[PDB]
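Remarks on the structure that follows.
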């Protein structure tokens with residue numbers, strides 16, 4: 501009901517807003533990861549070694 | 401095997417839930433859309449895990 505009307509009060513109120521910020525920060529960071537793929541390819545090689 | 405089973409349940413339920421919220425579809429139509437999105441993926445995942 502009422503679209504994506506997540507709760508805004510209590511623990512669930514705080515979790516919903518925390519997660520949305522977390523998701524936005526994640527999808528922003530991935531944006532920065534995709535600008536320079538080569539460096540993270542080197543990171544992957546380090547991880548494999 | 402608990403991880404695989406709970407993942408298989410959670411993926412479907414959440415994907416239906418996500419479609420229902422973003423698009424605003426009724427539960428049945430949203431479920432149809434979600435399953436249309438993930439059915440082939442689930443079959444391929446079964447084959448891969450096998």
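Protein chains in written order, with the deposited numbering: chain R, 501 to 549; chain Z, 401 to 450.
Ideal Cβ positions, reconstructed from N, Cα and C, are used throughout, including at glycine.
(1) Residue 441 of chain Z: buried (16+ other C-beta within 10 angstroms of its C-beta) or exposed?
(2) Which residues in the same chain as residue 438 of chain Z place their Cβ atom closer than 8 Å to its Cβ, once the five residues preceding and following it in sequence are excluded?
(3) Span of the alpha helix (DSSP H) holding residue 427 of chain Z?
(4) State the Cα-Cα distance for the pair residue 533 of chain R and residue 447 of chain Z, rounded to the nearest angstrom.
(5) Applying the criterion that 16 or more other CB atoms from any shown protein chain within 10 Å of the CB defines a buried residue, is residue 419 of chain Z buried or exposed?
(6) Would DSSP call residue 509 of chain R helix, strand or coil?
(7) What is the rounded straight-line gap between the Cα of residue 504 of chain R and the Cα of residue 404 of chain Z?
(8) Could you check where the alpha helix (DSSP H) with residue 361 of chain Z kicks off and where it finishes?
With the given structure in hand:
(1) exposed
(2) 411, 412 and 415
(3) Its alpha helix (DSSP H) spans residues 427–449.
(4) Distance between the alpha carbons of residue 533 of chain R and residue 447 of chain Z is about 31 Å.
(5) buried
(6) coil
(7) 28 Å
(8) In the structure as shown, chain Z begins at 401 and stops at 450. Residue 361 of chain Z is therefore absent and cannot be evaluated.
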